[PDB]
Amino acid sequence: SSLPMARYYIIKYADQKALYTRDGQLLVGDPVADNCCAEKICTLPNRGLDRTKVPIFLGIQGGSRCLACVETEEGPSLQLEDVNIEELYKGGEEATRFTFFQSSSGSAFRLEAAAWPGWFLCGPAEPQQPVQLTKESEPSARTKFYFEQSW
């Protein structure tokens, strides 16, 4: 049976900060200062969700763990889960929780939660704070990421 070919990136935030992982969290900063390397992050399209946008899954560690929304009474947050990116690619409605709409903002990219329209991936404001979701209308530096494709 055919296999998809995931795209890979190094993903940066403002001021050359990079996405990386430690202790089960997706973090942003200088990976080496936190005893890590910049994470090779992969994506695959969610083909069945909305063919008019660019829905994707976001995975770390060769796509072994993927970013998901989790609903709380204070709104959605994000966490990495033990679900691999091929399991999402071949899945169904349960994959919507792991889906983000990828769009351009000039030379940057923004990622909107498919499960929570209007909520976007947001960089941390505190050291060692995981990536956040924020409800942003007017695009800003807080939601702008830089995808540098490697595969």
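Residues carry their position along the shown sequence, with the first being 1.
Comparing 23-31 with 105-113, which stretch shows the greater average C-alpha B-factor in the deposited entry?
Between 105-113 and 23-31, it is 105-113 that shows the higher mean C-alpha B-factor.
Given the B-factors recorded for C-alpha atoms, which segment has the greater mean, 133-141 or 13-21?
Between 133-141 and 13-21, it is 133-141 that shows the higher mean C-alpha B-factor.
Residue, from 40, 97, 53, 65, that the PDB entry assigns the highest Cα B-factor
Checking the PDB record, the top C-alpha B-factor among 40, 97, 53, 65 is at 53.
So if I compare the CA B-factors in the entry for 45, 123, 91, 59, which one is the largest?
The listed residue with the largest C-alpha B-factor is 91.
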